[PDB]
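Here's the structure, in structure tokens; my notes come after.
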Amino acid sequence: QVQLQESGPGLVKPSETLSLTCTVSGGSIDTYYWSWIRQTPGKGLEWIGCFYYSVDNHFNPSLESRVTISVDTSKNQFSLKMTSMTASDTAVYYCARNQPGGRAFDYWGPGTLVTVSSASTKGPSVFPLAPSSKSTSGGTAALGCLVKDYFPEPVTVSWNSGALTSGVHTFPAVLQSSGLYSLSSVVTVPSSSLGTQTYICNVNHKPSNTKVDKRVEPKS
Amino acid sequence: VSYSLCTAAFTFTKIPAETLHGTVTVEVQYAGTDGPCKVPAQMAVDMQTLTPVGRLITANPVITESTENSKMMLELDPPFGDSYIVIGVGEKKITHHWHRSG
Amino acid sequence: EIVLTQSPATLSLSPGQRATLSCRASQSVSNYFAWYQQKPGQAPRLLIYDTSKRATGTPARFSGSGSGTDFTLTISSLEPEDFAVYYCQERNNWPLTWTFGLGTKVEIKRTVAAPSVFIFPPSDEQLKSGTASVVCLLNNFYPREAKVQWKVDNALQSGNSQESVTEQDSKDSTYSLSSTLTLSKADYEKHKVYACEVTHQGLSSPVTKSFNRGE
């Protein structure tokens with residue numbers, strides 16, 4: 001029914017102010033309670049605050065002095081503002097609807113990741129993991145893309161613009177000694193298709209506006 | 001103590017009665033479990049604007065319990081002429097046409 | 001405010017078994033608790049609300065019960081796609097605040113699956129930048145435990161590789177693992193045999209996949 005979508009900066013400098021926006025479809029935000037919630041891979045799920053339009057706000061007591069809301073009923077958007085960001089505030093941030101007449105949250109946005117760091121944004125390099133015969137196992141050839149040396153998280157990876165879904169494995173990025181992330185995405189495909197089928201990984205790194213493809217071709 | 005606004009559907013359990021004072025008493029049933037919460041209740045002549053008219057006689061109506069389908073009574077002071085009792089928010093809010101003169 | 005304690009932390013069960021997840025609150029508020037299902041990389045999804053009601057789209061094998069200070073989520077007959085973290089949640093009244101437990105992770109037992117193994121040399125593109133990365137891939141294996149070690153000309157490596165594991169597949173409940181060995185172009189060009197060495201319960205001994213610079 002209701003859908004929500006977060007948008008935010010991806011990266012925030014220490015002690016600067018985070019700003020996030022939620023765009024909602026399927027329901028007018030001038031009715032019912034709407035919330036901001038966050039989740040650190042570290043300390044679980046944490047409710048930040050809510051508003052009922054033209055009635056009141058409520059805020060998590062531990063965060064209240066740092067937090068401000070805004071509502072634009074003409075754009076069906078509302079916003080979060082949180083001052084004095086530190087490394088502790090690195091988290092996935094969600095907008096969500098409070099269940100009308102309930103105690104829960106019934107619809108959630110997909111979540112936007114916020115990294116608090118003074119490191120600069122860097123787009124990835126995209127290298128092919130080529131299929132040969134040293135990648136033929138389980139009746140299958142494997143091929144991939146190496147998405148290397150970017151900051152901050154995240155990157156998204158699809159295959160053949162999303163037409164290729166079966167046998168795809170996109171792995172959790174690792175953080176290297178250099179402080180840049182590195183991630184791999186592989187697909188398992190039939191050997192007999194390597195000369196009769198094109199495989200392109202599509203890579204998006206929003207903080208650097210990176211929209212790149214890499215055709216992945218056989219080895220020799 | 002800060003209450004949130006009740007956001008579930010209400011229904012009249014009985015047709016609103018007129019008092020000998022010229023006020024109207026209402027009993028509603030509340031479908032929510034977000035109690036404790038504050039009851040949206042007012043009179044209106046314009047349903048586009050929902051500008052409050054008259055007076056609420058009940059000092060701050062609250063549903064005091066999370067218990068689903070709990071019942072509550074409130075009293076309203078309607079203005080002269082035609083108006084609407086209006087309870088709850090959203091597409092499910094309920095109204096009752098009223099007329100008063102004296 | 002109120003503290004929600006969930007137990008056990010983790011749960012590993014075979015499909016078809018009955019899963020029972022506990023949520024205990026430090027003090028009682030309302031009898032209407034919610035549960036969320038979170039699958040990897042996705043937002044939490046409302047599963048059960050008001051203790052026993054199913055959200056839209058919640059399969060019937062999910063049910064909820066409890067009252068006062070003790071609430072339970074029951075998966076009557078477990079399915080591979082029920083791999084997830086499950087959170088209980090309640091609303092404090094005074095002060096008004098929404099509180100979650102730290103979650104129960106449900107893992108799905110299955111038979112031992114020995115991995116497919118693939119090795120990828122560095123792209124010529126990467127070599128132009130001055131570094132060289134070698135990727136070892138372990139595909140569709142179970143259980144998660146696995147050791148990938150890198151050997152360059154039969155010399156074990158340390159401090160120049162990193163590993164990553166997918167979450168459990170929601171269909172066949174296996175894992176996959178990616179390991180990257182990164183050297184400078186200069187070191188890489190001074191050696192021949194790049195071996196990836198895999199240890200797993202389904203293998204008789206460590207298994208090697210390798211290539212020679214010059215294929």
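Residues in the structure tokens are numbered from 1 in each chain, the chains being A, B, ... in the order shown, and ligands are numbered from 1 in the order shown.
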
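All of the residues in chain B within 10 Å of chain A are residues 2, 3, 4, 5, 6, 7, 8, 9, 30, 31, 32, 33, 34, 35, 37, 66, 68, 89, 90 and 91 of chain B, where only C-alpha atoms were counted.
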
Please write the residues from the selection above to a file, keeping N, CA, C and O atoms, as a compact mmCIF listing (two decimals), in the first residue's frame.
# COMPACT_ATOMS: atom_id res chain seq x y z
N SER B 2 3.00 13.46 28.14
CA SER B 2 2.63 13.84 26.78
C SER B 2 1.90 12.67 26.14
O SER B 2 2.43 11.56 26.09
N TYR B 3 0.68 12.92 25.67
CA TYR B 3 -0.12 11.91 24.99
C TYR B 3 0.06 12.04 23.48
O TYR B 3 0.23 13.14 22.95
N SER B 4 0.03 10.90 22.80
CA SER B 4 -0.08 10.92 21.36
C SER B 4 -1.55 10.90 20.97
O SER B 4 -2.43 10.63 21.79
N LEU B 5 -1.80 11.17 19.69
CA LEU B 5 -3.16 11.25 19.19
C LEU B 5 -3.63 9.86 18.77
O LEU B 5 -2.97 9.21 17.95
N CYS B 6 -4.75 9.40 19.34
CA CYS B 6 -5.42 8.18 18.86
C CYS B 6 -5.61 8.24 17.35
O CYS B 6 -6.15 9.21 16.81
N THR B 7 -5.16 7.18 16.65
CA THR B 7 -5.24 7.16 15.20
C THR B 7 -6.07 6.02 14.64
O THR B 7 -6.06 5.82 13.42
N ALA B 8 -6.81 5.29 15.47
CA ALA B 8 -7.67 4.22 14.97
C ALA B 8 -9.12 4.71 14.72
O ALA B 8 -9.47 5.86 14.99
N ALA B 9 -9.96 3.80 14.22
CA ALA B 9 -11.37 4.12 13.97
C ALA B 9 -12.17 4.10 15.25
O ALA B 9 -11.91 3.30 16.16
N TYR B 30 -13.60 2.41 20.62
CA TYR B 30 -12.33 2.69 19.98
C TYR B 30 -11.63 1.39 19.61
O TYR B 30 -11.35 0.57 20.49
N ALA B 31 -11.35 1.22 18.33
CA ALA B 31 -10.76 -0.02 17.82
C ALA B 31 -9.25 -0.13 18.06
O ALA B 31 -8.69 -1.19 17.79
N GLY B 32 -8.58 0.92 18.56
CA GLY B 32 -7.13 0.90 18.61
C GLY B 32 -6.53 0.17 19.81
O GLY B 32 -7.19 -0.14 20.80
N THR B 33 -5.24 -0.11 19.68
CA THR B 33 -4.42 -0.55 20.80
C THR B 33 -3.31 0.45 21.14
O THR B 33 -2.44 0.13 21.96
N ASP B 34 -3.32 1.64 20.54
CA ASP B 34 -2.34 2.69 20.81
C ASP B 34 -2.72 3.58 21.99
O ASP B 34 -2.05 4.58 22.23
N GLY B 35 -3.78 3.23 22.73
CA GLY B 35 -4.01 3.81 24.03
C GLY B 35 -2.88 3.47 24.99
O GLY B 35 -2.25 2.42 24.87
N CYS B 37 -4.01 7.41 24.70
CA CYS B 37 -3.88 8.36 23.61
C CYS B 37 -5.03 9.35 23.70
O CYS B 37 -6.05 9.09 24.34
N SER B 66 -4.75 0.50 26.47
CA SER B 66 -4.41 -0.17 25.22
C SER B 66 -5.46 -1.20 24.81
O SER B 66 -5.48 -1.61 23.65
N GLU B 68 -8.16 -3.23 23.29
CA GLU B 68 -8.88 -3.04 22.04
C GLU B 68 -10.39 -2.99 22.28
O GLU B 68 -10.91 -3.67 23.17
N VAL B 89 -9.55 10.59 13.25
CA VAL B 89 -8.84 11.12 12.10
C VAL B 89 -8.94 10.14 10.94
O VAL B 89 -9.42 9.02 11.07
N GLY B 90 -8.49 10.60 9.78
CA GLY B 90 -8.41 9.75 8.61
C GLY B 90 -9.75 9.46 7.96
O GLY B 90 -10.83 9.90 8.39
N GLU B 91 -9.66 8.67 6.89
CA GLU B 91 -10.80 8.20 6.13
C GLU B 91 -11.87 7.55 7.00
O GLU B 91 -13.03 7.49 6.59

Query raised in the report: segment 147-163 of chain A: which residues within 8 Å, counting only C-alpha atoms, same-chain residues fewer than 2 positions away excluded, as a VMD selection string?
Result: chain A and resid 10 to 11 113 115 120 to 127 145 165 168 170 180 to 185 199 to 207

Store the residues picked out above, limited to N, CA and C atoms, as an mmCIF file, in the first residue's frame.
data_model
loop_
_atom_site.group_PDB
_atom_site.id
_atom_site.type_symbol
_atom_site.label_atom_id
_atom_site.label_comp_id
_atom_site.auth_asym_id
_atom_site.auth_seq_id
_atom_site.Cartn_x
_atom_site.Cartn_y
_atom_site.Cartn_z
ATOM 1 N N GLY A 10 24.798 10.122 2.180
ATOM 2 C CA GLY A 10 25.782 9.027 2.213
ATOM 3 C C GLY A 10 26.939 9.216 3.187
ATOM 4 N N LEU A 11 27.594 10.379 3.150
ATOM 5 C CA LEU A 11 28.749 10.680 3.983
ATOM 6 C C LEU A 11 28.554 12.030 4.663
ATOM 7 N N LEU A 113 22.182 4.476 4.139
ATOM 8 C CA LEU A 113 23.357 4.343 4.986
ATOM 9 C C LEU A 113 24.030 5.696 5.142
ATOM 10 N N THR A 115 27.523 7.356 6.759
ATOM 11 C CA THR A 115 28.877 7.174 7.267
ATOM 12 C C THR A 115 29.376 8.532 7.742
ATOM 13 N N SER A 120 37.550 11.431 2.300
ATOM 14 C CA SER A 120 36.874 11.932 1.115
ATOM 15 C C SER A 120 36.250 10.808 0.309
ATOM 16 N N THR A 121 35.281 11.192 -0.506
ATOM 17 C CA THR A 121 34.618 10.273 -1.413
ATOM 18 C C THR A 121 35.575 9.849 -2.516
ATOM 19 N N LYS A 122 35.533 8.574 -2.868
ATOM 20 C CA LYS A 122 36.339 8.083 -3.976
ATOM 21 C C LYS A 122 35.534 7.026 -4.710
ATOM 22 N N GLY A 123 35.402 7.191 -6.025
ATOM 23 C CA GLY A 123 34.721 6.223 -6.843
ATOM 24 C C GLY A 123 35.543 4.961 -7.020
ATOM 25 N N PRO A 124 34.869 3.852 -7.317
ATOM 26 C CA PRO A 124 35.564 2.577 -7.476
ATOM 27 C C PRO A 124 36.218 2.446 -8.838
ATOM 28 N N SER A 125 37.179 1.531 -8.900
ATOM 29 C CA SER A 125 37.628 0.943 -10.152
ATOM 30 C C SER A 125 36.948 -0.416 -10.306
ATOM 31 N N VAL A 126 36.504 -0.727 -11.526
ATOM 32 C CA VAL A 126 35.735 -1.942 -11.808
ATOM 33 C C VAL A 126 36.554 -2.851 -12.712
ATOM 34 N N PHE A 127 37.018 -3.991 -12.167
ATOM 35 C CA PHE A 127 37.851 -4.887 -12.955
ATOM 36 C C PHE A 127 37.125 -6.195 -13.266
ATOM 37 N N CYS A 145 33.005 -9.333 -11.396
ATOM 38 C CA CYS A 145 33.466 -7.959 -11.370
ATOM 39 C C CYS A 145 34.069 -7.701 -10.001
ATOM 40 N N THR A 165 19.819 -12.762 -12.948
ATOM 41 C CA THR A 165 19.547 -12.869 -11.529
ATOM 42 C C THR A 165 19.984 -14.210 -10.957
ATOM 43 N N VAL A 168 23.762 -15.305 -9.138
ATOM 44 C CA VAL A 168 24.484 -14.089 -8.780
ATOM 45 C C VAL A 168 24.837 -14.128 -7.304
ATOM 46 N N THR A 170 26.675 -11.338 -4.801
ATOM 47 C CA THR A 170 27.357 -10.093 -4.478
ATOM 48 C C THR A 170 27.752 -10.152 -3.010
ATOM 49 N N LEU A 180 39.979 2.158 2.058
ATOM 50 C CA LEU A 180 39.007 2.068 0.979
ATOM 51 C C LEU A 180 38.376 0.679 0.958
ATOM 52 N N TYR A 181 37.099 0.635 0.585
ATOM 53 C CA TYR A 181 36.384 -0.622 0.475
ATOM 54 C C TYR A 181 36.689 -1.344 -0.838
ATOM 55 N N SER A 182 36.404 -2.649 -0.832
ATOM 56 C CA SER A 182 36.575 -3.518 -1.988
ATOM 57 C C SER A 182 35.532 -4.631 -1.930
ATOM 58 N N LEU A 183 34.876 -4.882 -3.058
ATOM 59 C CA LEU A 183 33.730 -5.778 -3.128
ATOM 60 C C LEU A 183 33.803 -6.569 -4.423
ATOM 61 N N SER A 184 33.313 -7.812 -4.383
ATOM 62 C CA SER A 184 33.238 -8.667 -5.565
ATOM 63 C C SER A 184 31.813 -9.161 -5.797
ATOM 64 N N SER A 185 31.466 -9.314 -7.076
ATOM 65 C CA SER A 185 30.176 -9.842 -7.510
ATOM 66 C C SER A 185 30.438 -10.876 -8.596
ATOM 67 N N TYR A 199 27.880 -10.749 -20.887
ATOM 68 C CA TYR A 199 27.720 -10.569 -19.449
ATOM 69 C C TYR A 199 28.321 -9.226 -19.044
ATOM 70 N N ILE A 200 27.473 -8.333 -18.549
ATOM 71 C CA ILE A 200 27.867 -6.983 -18.174
ATOM 72 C C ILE A 200 27.450 -6.765 -16.731
ATOM 73 N N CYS A 201 28.392 -6.353 -15.888
ATOM 74 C CA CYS A 201 28.009 -5.931 -14.549
ATOM 75 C C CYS A 201 27.800 -4.422 -14.567
ATOM 76 N N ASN A 202 26.768 -3.975 -13.860
ATOM 77 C CA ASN A 202 26.397 -2.566 -13.806
ATOM 78 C C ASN A 202 26.620 -2.127 -12.371
ATOM 79 N N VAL A 203 27.416 -1.080 -12.180
ATOM 80 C CA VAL A 203 27.876 -0.678 -10.854
ATOM 81 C C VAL A 203 27.495 0.774 -10.605
ATOM 82 N N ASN A 204 26.844 1.023 -9.476
ATOM 83 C CA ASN A 204 26.450 2.365 -9.085
ATOM 84 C C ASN A 204 27.021 2.695 -7.708
ATOM 85 N N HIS A 205 27.744 3.822 -7.622
ATOM 86 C CA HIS A 205 28.291 4.356 -6.366
ATOM 87 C C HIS A 205 27.797 5.797 -6.282
ATOM 88 N N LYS A 206 26.613 5.969 -5.700
ATOM 89 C CA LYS A 206 25.986 7.289 -5.635
ATOM 90 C C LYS A 206 26.886 8.393 -5.095
ATOM 91 N N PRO A 207 27.669 8.206 -4.022
ATOM 92 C CA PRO A 207 28.433 9.347 -3.489
ATOM 93 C C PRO A 207 29.430 9.945 -4.476
#

Requested in this report: From a DSSP pass on the backbone, collect the residues of segment 44-150 of chain A flagged as strand (DSSP E) and hand them back as a ChimeraX atom specification.
Outcome: /A:44-52,56-59,67-72,77-82,91-98,105-108,112-116,125-129,136-137,140-150

Query raised in the report: Which chain A residues are at most 9 Å from chain C (counting only C-alpha atoms), as number ranges by chain?
Result: A: 43-49, 58-61, 94, 102-111, 125-138, 141-144, 146, 169-176, 183-186, 220

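Minimum atom-to-atom distance to chain C, evaluated using only C-alpha atoms, belongs to B:1 out of B:50, B:1, B:72, B:56.
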
Query raised in the report: Distance atom CA of residue 21 of chain A-atom CA of residue 79 of chain A, one decimal place?
Result: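 Taking atom CA of residue 21 of chain A as the start and atom CA of residue 79 of chain A as the end point, the length is 4.3 Å.
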
Query raised in the report: Using only C-alpha atoms, which residues sit within 12 Å of residue 73 of chain B once same-chain residues fewer than 2 positions away are excluded, as number ranges by chain?
Result: B: 10-14, 16-17, 24-30, 39, 41, 57-63, 70-71, 75-76, 87

How about saving the chosen residues, N, CA and C atoms kept, as a compact mmCIF listing (two decimals), in the first residue's frame?
# COMPACT_ATOMS: atom_id res chain seq x y z
N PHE B 10 -13.15 5.00 15.33
CA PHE B 10 -14.17 5.02 16.35
C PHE B 10 -15.53 4.66 15.73
N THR B 11 -16.46 4.23 16.59
CA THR B 11 -17.86 4.09 16.20
C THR B 11 -18.73 4.53 17.36
N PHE B 12 -19.88 5.12 17.04
CA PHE B 12 -20.86 5.41 18.08
C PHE B 12 -21.47 4.10 18.55
N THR B 13 -21.48 3.87 19.87
CA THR B 13 -22.17 2.70 20.38
C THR B 13 -23.66 2.94 20.51
N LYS B 14 -24.07 4.20 20.59
CA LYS B 14 -25.46 4.56 20.72
C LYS B 14 -25.61 5.93 20.09
N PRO B 16 -26.13 9.69 19.49
CA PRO B 16 -25.82 10.76 20.44
C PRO B 16 -27.08 11.37 21.03
N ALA B 17 -27.09 11.50 22.35
CA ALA B 17 -28.24 12.00 23.08
C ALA B 17 -28.06 13.47 23.43
N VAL B 24 -24.63 17.78 23.94
CA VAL B 24 -24.79 16.43 23.43
C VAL B 24 -23.76 15.54 24.09
N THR B 25 -24.21 14.41 24.64
CA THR B 25 -23.31 13.38 25.13
C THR B 25 -23.22 12.28 24.08
N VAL B 26 -22.02 11.72 23.96
CA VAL B 26 -21.71 10.71 22.96
C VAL B 26 -20.99 9.57 23.67
N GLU B 27 -21.27 8.33 23.27
CA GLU B 27 -20.43 7.21 23.66
C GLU B 27 -19.86 6.55 22.41
N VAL B 28 -18.54 6.35 22.41
CA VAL B 28 -17.85 5.77 21.27
C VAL B 28 -17.11 4.52 21.71
N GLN B 29 -16.86 3.65 20.74
CA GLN B 29 -16.00 2.49 20.90
C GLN B 29 -14.76 2.71 20.05
N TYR B 30 -13.60 2.41 20.62
CA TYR B 30 -12.33 2.69 19.98
C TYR B 30 -11.63 1.39 19.61
N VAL B 39 -8.10 11.61 22.29
CA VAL B 39 -9.20 11.43 21.34
C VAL B 39 -9.35 12.67 20.47
N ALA B 41 -11.60 15.03 18.80
CA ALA B 41 -13.03 15.30 18.90
C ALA B 41 -13.31 16.80 18.82
N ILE B 57 -16.92 19.79 26.04
CA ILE B 57 -17.23 19.84 27.47
C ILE B 57 -16.27 18.95 28.24
N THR B 58 -15.91 17.80 27.67
CA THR B 58 -14.93 16.92 28.28
C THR B 58 -13.56 17.59 28.30
N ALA B 59 -13.00 17.76 29.49
CA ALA B 59 -11.64 18.28 29.63
C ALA B 59 -10.67 17.24 29.10
N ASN B 60 -10.22 17.43 27.85
CA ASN B 60 -9.21 16.58 27.22
C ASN B 60 -9.64 15.12 27.23
N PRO B 61 -10.36 14.68 26.20
CA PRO B 61 -10.70 13.26 26.11
C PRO B 61 -9.46 12.42 25.82
N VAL B 62 -9.22 11.44 26.67
CA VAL B 62 -8.16 10.46 26.44
C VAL B 62 -8.76 9.06 26.54
N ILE B 63 -8.36 8.19 25.61
CA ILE B 63 -8.47 6.74 25.82
C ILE B 63 -7.35 6.34 26.77
N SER B 70 -12.20 -0.66 23.58
CA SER B 70 -12.68 0.00 24.79
C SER B 70 -13.62 1.14 24.42
N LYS B 71 -14.47 1.51 25.38
CA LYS B 71 -15.54 2.47 25.20
C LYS B 71 -15.28 3.72 26.03
N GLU B 75 -18.77 14.67 26.12
CA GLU B 75 -19.84 15.64 26.04
C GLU B 75 -19.36 16.84 25.24
N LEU B 76 -20.19 17.30 24.31
CA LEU B 76 -19.84 18.42 23.45
C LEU B 76 -20.86 19.54 23.60
N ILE B 87 -15.36 12.92 15.15
CA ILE B 87 -14.52 12.12 16.04
C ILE B 87 -13.52 11.33 15.20

Query raised in the report: Mind pulling up the distance from atom CA of residue 4 of chain A to atom CA of residue 82 of chain A?
Result: 19.8 Å

Report summary line: note - atom CA of residue 102 of chain B and atom CA of residue 40 of chain B are separated by 27.5 Å

Requested in this report: Using only C-alpha atoms, find the one residue out of B:19, B:42, B:67, B:48 that sits nearest to chain C.
Outcome: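 Nearest to chain C: B:67.
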
Query raised in the report: Which polymer residues have any atom within 10 Å of an atom of residue 189 of chain C, counting only C-alpha atoms, with same-chain residues fewer than 4 positions away left out, as a PyMOL selection string?
Result: chain C and resi 127+132+183-185+213

When you look at residue 194 of chain C with a cut-off of 7 Å (counting only C-alpha atoms), what residues show up, excluding the ones that are within fewer than 2 positions of it in the same chain? I need them as a PDB file with N, CA and C atoms, in the first residue's frame.
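Final output, part.pdb:
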ATOM      1  N   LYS C 151      48.778 -19.315  -1.126  1.00  0.00           N
ATOM      2  CA  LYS C 151      50.174 -19.725  -1.238  1.00  0.00           C
ATOM      3  C   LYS C 151      50.724 -19.236  -2.568  1.00  0.00           C
ATOM      4  N   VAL C 152      51.793 -18.449  -2.507  1.00  0.00           N
ATOM      5  CA  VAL C 152      52.496 -17.954  -3.684  1.00  0.00           C
ATOM      6  C   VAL C 152      53.839 -18.672  -3.738  1.00  0.00           C
ATOM      7  N   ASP C 153      54.064 -19.445  -4.802  1.00  0.00           N
ATOM      8  CA  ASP C 153      55.244 -20.308  -4.911  1.00  0.00           C
ATOM      9  C   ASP C 153      55.456 -21.103  -3.624  1.00  0.00           C
ATOM     10  N   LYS C 192      55.417 -17.123  -9.634  1.00  0.00           N
ATOM     11  CA  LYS C 192      54.795 -17.948 -10.660  1.00  0.00           C
ATOM     12  C   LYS C 192      53.495 -18.591 -10.193  1.00  0.00           C
ATOM     13  N   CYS C 196      45.186 -21.258  -4.318  1.00  0.00           N
ATOM     14  CA  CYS C 196      44.130 -21.067  -3.338  1.00  0.00           C
ATOM     15  C   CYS C 196      43.849 -22.412  -2.676  1.00  0.00           C
ATOM     16  N   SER C 210      44.839 -23.535  -8.470  1.00  0.00           N
ATOM     17  CA  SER C 210      45.974 -22.657  -8.726  1.00  0.00           C
ATOM     18  C   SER C 210      46.096 -22.363 -10.214  1.00  0.00           C
ATOM     19  N   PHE C 211      46.960 -21.391 -10.532  1.00  0.00           N
ATOM     20  CA  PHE C 211      47.378 -21.114 -11.899  1.00  0.00           C
ATOM     21  C   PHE C 211      48.838 -20.690 -11.885  1.00  0.00           C
ATOM     22  N   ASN C 212      49.457 -20.702 -13.068  1.00  0.00           N
ATOM     23  CA  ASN C 212      50.812 -20.202 -13.285  1.00  0.00           C
ATOM     24  C   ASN C 212      50.762 -18.946 -14.141  1.00  0.00           C
TER      25      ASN C 212
END

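Comparing the minimum interatomic distances between chain B and each of C:93, C:58, C:7, C:204, counting only C-alpha atoms, we find that C:93 sits nearest.
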
Query raised in the report: Hey, what does DSSP flag as alpha helix (DSSP H) within segment 35-179 of chain C? Can you give it to me as a VMD selection string?
Result: chain C and resid 124 to 128

Let's have the selection written as a CSV table (one decimal), in the first residue's frame, with N, CA and C atoms.
chain,number,residue,atom,x,y,z
C,124,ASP,N,44.3,-7.4,-16.7
C,124,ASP,CA,45.3,-6.5,-17.2
C,124,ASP,C,45.0,-5.1,-16.8
C,125,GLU,N,43.8,-4.7,-16.7
C,125,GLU,CA,43.4,-3.3,-16.3
C,125,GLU,C,44.0,-3.0,-14.9
C,126,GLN,N,43.8,-3.9,-14.0
C,126,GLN,CA,44.3,-3.7,-12.6
C,126,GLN,C,45.8,-3.6,-12.7
C,127,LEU,N,46.5,-4.4,-13.5
C,127,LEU,CA,47.9,-4.4,-13.5
C,127,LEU,C,48.5,-3.0,-13.9
C,128,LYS,N,47.8,-2.4,-14.9
C,128,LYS,CA,48.2,-1.0,-15.3
C,128,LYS,C,48.1,0.0,-14.1

Just the residues within 10 Å of residue 68 of chain C, please, counting only C-alpha atoms, with nothing from its chain fewer than 3 positions along; format it as a short mmCIF file (atom, residue, chain, number, x, y, z; two decimals) with C-alpha atoms, in the first residue's frame.
data_model
loop_
_atom_site.label_atom_id
_atom_site.label_comp_id
_atom_site.auth_asym_id
_atom_site.auth_seq_id
_atom_site.Cartn_x
_atom_site.Cartn_y
_atom_site.Cartn_z
CA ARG C 24 10.75 -10.90 27.82
CA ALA C 25 10.12 -7.33 28.93
CA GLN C 27 8.14 -4.50 33.14
CA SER C 28 4.74 -4.87 31.57
CA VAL C 29 3.17 -2.12 29.42
CA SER C 30 0.54 -3.46 27.02
CA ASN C 31 -0.41 -6.92 25.86
CA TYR C 32 0.15 -5.92 22.22
CA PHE C 33 3.66 -6.71 21.05
CA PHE C 71 5.78 -13.02 24.44
#
